[PDB]
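S.K.: Supplied in structure tokens, the structure appears directly below.
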Amino acid sequence: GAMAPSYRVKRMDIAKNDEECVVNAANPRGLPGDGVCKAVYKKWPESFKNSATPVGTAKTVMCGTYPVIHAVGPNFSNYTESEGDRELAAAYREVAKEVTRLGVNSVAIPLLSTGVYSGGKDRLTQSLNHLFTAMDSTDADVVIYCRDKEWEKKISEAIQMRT
Ligand SMILES: [Cl-]
Ligand SMILES: [Cl-]
Ligand SMILES: [Cl-]
């Protein structure tokens, strides 16, 4: 575990992370996709061998020795708000099980279901609060990746407000 487990946020491409493993915002079919998924496919294409997995689950595939945790959040265009909320919480719980199983001291993580799976809504708080619910009982250092300057500020505020 980390000596003093922490949360941090950085505004940059998760493909350039400085952590011991990465969480992909995957689709259920293991396809290259869009957004974070496409960046992950460019950097770690070997990790897409047999990565298909259902909504609400995570599946780890190694790229060399570097673990890629493919986490499938719901697409809110298809799910009801209630069922999508349940599956988004479930995907993060499965990320926490994998991070623990792998024994890593740090993990790079995007906010699941916030981009093209957001159903056109701002889901920063919903997705971040499910991340915290799952990861709070882990001892890995967690580094959240985002691309928007205003999101960086709001994620940073949410972290700092709990310390
Ligand atoms: Cl960048
Ligand atoms: Cl998304
Ligand atoms: Cl963002």
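Following the order of the structure tokens, chains are lettered A, B, ..., residues in each are numbered from 1, and ligands are numbered from 1.
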As number ranges by chain, please: every protein or nucleic acid residue near ligand 2 (cut-off 6 Å, counting only C-alpha atoms and all ligand atoms).
M.R.: A: 112-117
S.K.: Counting only C-alpha atoms and all ligand atoms, what are the residues of chain A within 10 Å of ligand 1, and for each of them which pair of atoms is the nearest and at what distance in Å, to one decimal? Sort the table by chain and rising number, as a tab-separated table.
M.R.:
residue	atom	partner	partner_atom_place_in_ligand_line	distance
A:10	CA	ligand 1	1 (Cl)	9.7
A:11	CA	ligand 1	1 (Cl)	7.5
A:12	CA	ligand 1	1 (Cl)	4.0
A:13	CA	ligand 1	1 (Cl)	4.3
A:14	CA	ligand 1	1 (Cl)	7.8
A:15	CA	ligand 1	1 (Cl)	8.3
A:16	CA	ligand 1	1 (Cl)	7.0
A:17	CA	ligand 1	1 (Cl)	9.5
A:146	CA	ligand 1	1 (Cl)	9.9
A:147	CA	ligand 1	1 (Cl)	8.3
S.K.: Ranking A:124, A:158, A:143, A:109 by minimum distance to ligand 3 and counting only C-alpha atoms and all ligand atoms, which one comes first?
M.R.: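 So, comparing all the options, the nearest one is A:124.
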S.K.: Please determine, counting only C-alpha atoms and all ligand atoms, which residue among A:84, A:67, A:54, A:110 has the shortest atom-to-atom distance to ligand 3.
M.R.: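 Result for the nearest residue to ligand 3: A:110.
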S.K.: Tell me, in Å to one decimal, how far CA of residue 91 in chain A is from CA of residue 35 in chain A.
M.R.: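 CA of residue 35 in chain A lies 18.1 Å from CA of residue 91 in chain A.
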S.K.: Would you kindly return, as a ChimeraX atom specification, each protein, DNA or RNA residue with an atom no farther than 6 Å from any atom of residue 22 in chain A, considering only C-alpha atoms and excluding same-chain residues fewer than 2 positions away?
M.R.: /A:68,107-108
S.K.: Can you tell me which residues surround residue 52 in chain A at a distance of at most 6 Å, considering only C-alpha atoms, apart from same-chain residues fewer than 3 positions away, and format the answer as a list in words?
M.R.: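 Once the nearby chain positions are removed, what remains is residues 28, 29 and 30 of chain A.
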S.K.: Need to verify the contact set: residue 73 in chain A, 10 Å, only C-alpha atoms, exclusion of same-chain residues closer than 3 positions in sequence. Can you return it as a list in words?
M.R.: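 Result of the neighbour search: residues 25, 26, 27, 28, 54, 55, 56, 57, 58, 70, 76, 84, 85, 86, 87, 88, 89, 90, 91, 92, 111, 112, 113, 114, 117, 118 and 127 of chain A.
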